[PDB]
Every structure is written in structure tokens, then in C-alpha cells.
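Trainee: Sending over a structure as C-alpha cells; questions will come in a sec.
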Amino acid sequence: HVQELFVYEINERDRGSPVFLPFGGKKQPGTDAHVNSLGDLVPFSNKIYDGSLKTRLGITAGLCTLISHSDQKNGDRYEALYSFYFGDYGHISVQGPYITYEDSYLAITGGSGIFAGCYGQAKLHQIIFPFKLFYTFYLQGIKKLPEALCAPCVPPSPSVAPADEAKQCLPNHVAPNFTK
Amino acid sequence: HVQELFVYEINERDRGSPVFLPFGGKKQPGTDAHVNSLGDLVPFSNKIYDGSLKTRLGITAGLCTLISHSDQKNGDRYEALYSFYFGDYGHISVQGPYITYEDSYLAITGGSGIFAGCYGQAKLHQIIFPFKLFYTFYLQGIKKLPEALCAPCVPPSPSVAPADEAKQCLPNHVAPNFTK
Amino acid sequence: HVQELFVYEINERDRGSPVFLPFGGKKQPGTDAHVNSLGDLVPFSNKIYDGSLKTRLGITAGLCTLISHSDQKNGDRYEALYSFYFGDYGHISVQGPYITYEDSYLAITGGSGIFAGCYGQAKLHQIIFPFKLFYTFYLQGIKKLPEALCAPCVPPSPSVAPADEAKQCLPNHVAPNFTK
Ligand SMILES: CC/C=C\C[C@@H]1O[C@H]1C/C=C\CCCCCCCC(=O)O
């Protein structure tokens, strides 16, 4: 059966992330400005917190390949590969669409630790692109998640933020050996 | 229980794809022509059609890493990470080898929608280098595929082409909300 | 249940690997010398041998994204996407962390051939930085591994190396059509 795991991802502007590599080389007529296009590449790594926003869990880490830009939607389609690191709990890997202007479903490609052997899909919800994202992992194939990862979930909105104690990585507010 | 899904991938030269990034940095001694080498990178995105070639399904999107060039076999090994998008049906993600001179088998790393929880392997058969390819997904772990994705397959050959109405994306010749 | 597969990965310095692409753009204050940082990219391909070190099996191939550098730990975190090629046996794909100064667990994202439908996690253990690594794949979902892949394992240690006959790719010391 499916177990839902909720995760907040936030760019707290303190990891030098993301790195936008304009390799698509496309230029705007008249201005010669860069235009986002197939082949721009974007390494990145943000922080992740649990659904209650009270616990720092770890980080995301990976690489987005820009596929297309939409003027009508004011944003971009990327093809993404990245992992979520939850300290000693392990990691989950994902692959699939990252769309700046709408929600999408990524493949859960596997994991480690308590997530070893996991599979299924994960919903990516843009709360406020690019600083705040919210994931619902529909996890299959693994034992019952620990209660610490299943606290009542804060509903996402642009104003939500990690608890002070989680932002500060204090005792009682971090995953065991949370990923730095 | 394996279900076979046949897909045609066609580069219709309309997407600025592929983008060849010559980061391997190698040149041919005596001519200075580019030599394909480890570390050349190739973002890409092509169109996909169903096995009967009557329906536009969506796109591929991803990234190839060039691994080696064989002068003997007149081609290259790539390591490929990409997804297949089928509009509302969802997506399939793959990882593994693309060899420009022979068939290969890719890992199916998962999916979304009707493909959520999928696994197995997919045969990559090149029809024309590198503009036309034919895939056989040996899908495991999912519910019976919709009949619309299982129409009688056009046998692969160099001259095969999508139906005009599919190429033109006419309303009864496209997957539901087909991926653009 | 789980089947253990032991693999040695060796950079024998004959494949022009790795290719370090300094796209993170970070430089020392005065020297302008390279500082490893988020967004450096590293395409790579090494040789792989069986656990007994008597058989050349094939190669690894893929791409690492540098995520962070640690001065305190004197090393880097990468996010890795790569496959292991075992000649005619097939391939295994992996996704997850490579940390230059400690062991980690990768997701097994799938495979082909005898590895078709595989899942689970793989332990990455560094033998000697940067040239030798030792993997334990905890493979689920596949048929009993062939005896040739399950020979008594050489205990990992800094001094271990392939048998000369395996290094030279001689008869009796290669996988069927071992990947070159
Ligand atoms: C992984 C195969 C799936 C689809 C085919 C990918 O579009 C092909 C890109 C992968 C390798 C490139 C093969 C050589 C073509 C490069 C032409 C250079 C250019 O004009 O951009």
C-alpha cells in the first residue's frame, strides 16, 4: 500500500544555490539577452524540513536540465534528477518533470535506509517558485514510516517557514545526524 | 506479468534538439574536427508517437553523457537519463545506455499516472541515426494499459512516419492533453 | 529476499577519466586556483571487476554533480547518476550520494538482462581516494545470480588489485563480451 510523506524544500539563500549554466545559448532578438532554452543546466541543493516544519531533515541535491520555455505560462519545463537526504533515515531519489509554473509528478526511483526498496511517485507543488516547494511522496514498498516523519502537516502557502528551532538546527528539531 | 508498450521517438527538427555541448574538449589530430569523447553532454527532447503512428503522445526529455567513441564501430556510447511524457497518462523514466550503432536495454526507473510504480527494462532500437528510434517497454508492476496505447504496431523501418493528423496534432489524433 | 553482489571499481588511468568541468566557477581569493563548489560537473567511466578480482566485468559510466566541499573533512559531496555494465549479463543503474571521505548508500534504480527489475540499495566504500572503490549491491527482485558473479570475495583493503590476467582481459578472466 501507499504511505504519504510530506516534505518542505526551501532555498534559504545560504548554500550558493542554484547555479544557472546558460549552455542553451539562445538569445533574444534586439537585446541579445539570454533566453532560457533547451540545454541550460541547473545544479542545485536546498534544505528540507518535515511536514510540521518543526524538524530540519537534511537537503536536496541534484541537477535540472532545461527543456523548454513558455512565454504564455511565464516559466520553464525542466527534466530533473535529484535526491532527498534525511540524515540517518536515508535518502529518496527522484527523476522526472520539474515545471516552474505548475505541479508535476516525479518518479521515485529508489532510496536507502528506511527508504531502501521504495518506489512510486511524488507530487511536486510549487508554493512560491523558486524559494519554497512542497512534496507528497506516495511511498510504496517500505516498512511503516517512523512517527517523527508523520507529524500533522502544515498546509502549504507562500508565508510558511521552518520553526526558529528547526532553522537553527537545535536539539529536538533535527533528524538524527541530519544532512548538512 | 510483463506488458509491452511500443513507442516511436522522432526528431522532427522543430525543437532545436539535440544541443551538443563539446565539453570533452577533444579534437582530431591533423584536422581539428571535434572528436566525440568522455564528457561531451547532450541535452535533448524529441516527439513521441504510439506504436501505430496514428497518435501524438508527447515528448522525450533528458540528458546524455558521452562516454566513449569507437572508430571501429563508427559510433559512440552514451549514458542516458531521460523521461517519456504521455500527456494525461503520465510519464516513464529511464536510465542506461544509448549506443549509436546497436540496440540496448535501459532500466525503467519508475513513472507517474498510469505508470506509477512501474519497473522493468526497455529496448532501444535505432531506426535512423539519431532522428528516429523505436522503443519496446517491458512494463511490470502496473494495471492493464489502456487499449489506446496498444493499437497494432507499425513495423519499424527507415521510411515509417507519423500519420499527417498526428504530426499536425489534430484533436482526435493526440493523447489526452498530450505533452508539448 | 536480498542477494549480495560485490564489485570492485578501478580507475586505471587509461580512459581519460574523470573529466572535471569547473562550472561552479569558484576561485581562491588571490591564486584564482579552483575551489570545488556546487555546480562543478564530473563525467566519468572506470573499469569494474568481480569480488574475487579474477574477472574483468565491464565498466561504470555516468555523471556526478558536485554539491558541496568540506574543508573540515577535506572532501566533497557529489550527487551521482551512473550505471555498471557487466557485458552480456546486463547492467545495473544507481542514483545517490558519493562522498569522497566516507561510505554511502546509493539507490539501485533498476537494470537489464539478469538484473532486469532489480531494486534495493548499494553500499559504496572507498578503498583508496581517488582510484579504487568497492560496492556491495543488496539486490532484490531478481533470479539467483550466476555462480561466476558470486565467487569468494577478496576482503577490501588499500593494497588489493585485479589479477594480472583480468587486467590483461585474458581468456577465463572476462565476463561474456565484457563491456569495453
Ligand atoms: C537517448 C536517445 C534518445 C533520443 C535521441 C537523442 O537525441 C539524441 C541525442 C543523443 C545523442 C546525440 C547523437 C548525435 C547527434 C548530435 C548532433 C549534433 C547537433 O547538431 O546538435
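Following the order of the C-alpha cells, first chain is A, next is B, and so on, with residues numbered from 1 inside each chain and ligands from 1 in the order they appear.
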What are the closest atom pairs, with distances in Å to one decimal, for each residue of chain A lying within 12 Å of ligand 1, using only C-alpha atoms and all ligand atoms, rows by chain and rising residue number, as a Markdown table?
Mentor:
```
| residue | atom | partner | partner_atom_place_in_ligand_line | distance |
| --- | --- | --- | --- | --- |
| A:24 | CA | ligand 1 | 21 (O) | 11.0 |
| A:38 | CA | ligand 1 | 21 (O) | 11.2 |
| A:39 | CA | ligand 1 | 21 (O) | 10.6 |
```
Trainee: Grab the Cα RMSD for chain C fitted onto chain B, all atoms paired in sequence order, one decimal please.
Mentor: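 The RMSD between chain C and chain B over C-alpha atoms is 0.5 Å.
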Trainee: Any chance you could tabulate, as a tab-separated table, the residues of chain A at most 12 Å from chain B with each one's nearest atom pair and distance in Å to one decimal, using only C-alpha atoms, in chain and rising number order?
Mentor:
```
residue	atom	partner	partner_atom	distance
A:1	CA	B:117	CA	11.2
A:2	CA	B:117	CA	10.6
A:21	CA	B:21	CA	12.0
A:22	CA	B:21	CA	11.5
A:23	CA	B:21	CA	7.7
A:24	CA	B:19	CA	7.1
A:25	CA	B:19	CA	9.4
A:26	CA	B:16	CA	9.9
A:37	CA	B:16	CA	9.0
A:38	CA	B:43	CA	6.8
A:39	CA	B:43	CA	5.1
A:40	CA	B:43	CA	8.4
A:41	CA	B:43	CA	8.8
A:63	CA	B:63	CA	10.3
A:64	CA	B:62	CA	9.2
A:65	CA	B:62	CA	6.8
A:66	CA	B:43	CA	8.2
A:67	CA	B:61	CA	6.6
A:68	CA	B:15	CA	8.7
A:69	CA	B:180	CA	11.1
A:70	CA	B:180	CA	10.4
A:77	CA	B:61	CA	9.5
A:78	CA	B:61	CA	8.3
A:79	CA	B:62	CA	5.8
A:80	CA	B:62	CA	8.2
A:81	CA	B:81	CA	8.5
A:82	CA	B:81	CA	11.9
A:93	CA	B:109	CA	10.2
A:94	CA	B:110	CA	9.0
A:95	CA	B:93	CA	6.7
A:96	CA	B:83	CA	6.4
A:97	CA	B:83	CA	8.2
A:98	CA	B:61	CA	11.3
A:104	CA	B:112	CA	9.3
A:105	CA	B:112	CA	6.0
A:106	CA	B:112	CA	6.6
A:107	CA	B:111	CA	4.7
A:108	CA	B:110	CA	6.4
A:109	CA	B:109	CA	5.3
A:110	CA	B:109	CA	8.2
A:111	CA	B:109	CA	11.8
A:117	CA	B:117	CA	11.6
A:118	CA	B:117	CA	9.4
A:119	CA	B:117	CA	5.8
A:120	CA	B:117	CA	4.4
A:121	CA	B:112	CA	5.7
A:122	CA	B:112	CA	8.2
A:123	CA	B:112	CA	9.3
A:124	CA	B:112	CA	11.9
A:137	CA	B:112	CA	11.7
A:138	CA	B:116	CA	9.5
A:139	CA	B:117	CA	9.4
A:140	CA	B:117	CA	7.9
A:141	CA	B:117	CA	9.7
```
Trainee: Using the selection just defined, write its residues with C-alpha atoms as a short mmCIF file (atom, residue, chain, number, x, y, z; two decimals), in the first residue's frame.
Mentor:
```
data_model
loop_
_atom_site.label_atom_id
_atom_site.label_comp_id
_atom_site.auth_asym_id
_atom_site.auth_seq_id
_atom_site.Cartn_x
_atom_site.Cartn_y
_atom_site.Cartn_z
CA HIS A 1 0.00 0.00 0.00
CA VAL A 2 0.90 3.70 -0.12
CA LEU A 21 24.57 27.49 -16.56
CA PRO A 22 23.32 29.18 -19.76
CA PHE A 23 24.54 26.47 -22.16
CA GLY A 24 21.40 26.53 -24.36
CA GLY A 25 22.92 29.66 -25.85
CA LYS A 26 19.62 31.15 -27.05
CA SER A 37 16.16 27.19 -23.67
CA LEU A 38 16.88 23.52 -24.11
CA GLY A 39 20.29 22.74 -22.70
CA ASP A 40 20.66 25.34 -19.98
CA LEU A 41 21.75 23.28 -16.91
CA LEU A 63 20.63 18.63 -11.48
CA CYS A 64 17.92 20.14 -13.68
CA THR A 65 18.16 20.13 -17.47
CA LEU A 66 16.13 22.95 -19.05
CA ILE A 67 13.86 21.56 -21.80
CA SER A 68 11.61 24.42 -22.94
CA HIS A 69 10.47 27.93 -22.08
CA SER A 70 6.85 29.02 -22.27
CA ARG A 77 9.97 22.87 -18.16
CA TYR A 78 12.98 21.05 -16.76
CA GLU A 79 13.91 17.39 -16.63
CA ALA A 80 15.22 16.78 -13.13
CA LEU A 81 17.27 14.23 -11.23
CA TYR A 82 17.78 14.76 -7.54
CA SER A 93 15.89 9.58 -5.29
CA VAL A 94 13.56 11.11 -7.87
CA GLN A 95 13.51 11.58 -11.66
CA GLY A 96 11.07 13.44 -13.86
CA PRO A 97 9.42 16.75 -14.67
CA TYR A 98 10.08 19.96 -12.76
CA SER A 104 4.02 17.72 -11.53
CA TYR A 105 4.65 14.08 -10.59
CA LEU A 106 8.17 12.71 -10.31
CA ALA A 107 9.13 9.03 -10.34
CA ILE A 108 10.50 7.73 -7.05
CA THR A 109 13.47 5.79 -8.35
CA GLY A 110 14.52 4.21 -5.05
CA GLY A 111 16.17 5.01 -1.75
CA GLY A 117 13.43 -0.56 -1.95
CA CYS A 118 10.90 2.26 -2.16
CA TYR A 119 9.01 3.04 -5.33
CA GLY A 120 6.06 5.08 -6.54
CA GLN A 121 5.53 8.73 -7.47
CA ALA A 122 5.95 12.10 -5.75
CA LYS A 123 3.86 15.22 -6.29
CA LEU A 124 5.88 18.45 -6.56
CA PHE A 137 5.83 11.21 -1.64
CA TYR A 138 3.42 8.34 -2.32
CA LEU A 139 5.78 5.71 -1.00
CA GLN A 140 5.36 2.03 -1.72
CA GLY A 141 7.45 -0.99 -0.78
#
```
Trainee: Do you have the atom CA of residue C:126-atom CA of residue C:103 distance handy?
Mentor: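 These atoms are spaced 6.6 Å apart.
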Trainee: Using DSSP on the backbone coordinates, identify all residues within stretch 6-173 of chain C classified as helix (DSSP H, G or I); present the result as a list in words.
Mentor: residues 87, 88, 89, 147, 148, 149, 164, 165, 166 and 167 of chain C
Trainee: What does the distance from atom CA of residue B:162 to atom CA of residue B:53 come to in Å, to one decimal?
Mentor: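 A separation of 4.7 Å between them.
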Trainee: I'd like the neighbourhood of residue B:158 as a PDB file with N, CA, C and O atoms, in the first residue's frame, where a residue qualifies if any of its atoms comes within 9 Å (using only C-alpha atoms), though same-chain residues fewer than 3 positions away should be ignored.
Mentor:
```pdb
ATOM      1  N   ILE B 127      16.328   3.402 -35.580  1.00  0.00           N
ATOM      2  CA  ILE B 127      15.919   3.181 -36.965  1.00  0.00           C
ATOM      3  C   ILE B 127      16.773   4.025 -37.915  1.00  0.00           C
ATOM      4  O   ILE B 127      17.294   3.515 -38.921  1.00  0.00           O
ATOM      5  N   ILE B 128      16.888   5.315 -37.608  1.00  0.00           N
ATOM      6  CA  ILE B 128      17.763   6.252 -38.325  1.00  0.00           C
ATOM      7  C   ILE B 128      18.566   7.043 -37.306  1.00  0.00           C
ATOM      8  O   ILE B 128      17.988   7.676 -36.432  1.00  0.00           O
ATOM      9  N   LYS B 132      15.316   8.914 -35.641  1.00  0.00           N
ATOM     10  CA  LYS B 132      14.145   8.035 -35.462  1.00  0.00           C
ATOM     11  C   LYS B 132      14.520   6.809 -34.655  1.00  0.00           C
ATOM     12  O   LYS B 132      15.446   6.087 -35.042  1.00  0.00           O
ATOM     13  N   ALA B 161       6.584   6.867 -40.782  1.00  0.00           N
ATOM     14  CA  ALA B 161       6.317   8.254 -40.455  1.00  0.00           C
ATOM     15  C   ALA B 161       4.995   8.344 -39.720  1.00  0.00           C
ATOM     16  O   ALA B 161       4.102   7.517 -39.950  1.00  0.00           O
TER      17      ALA B 161
END
```
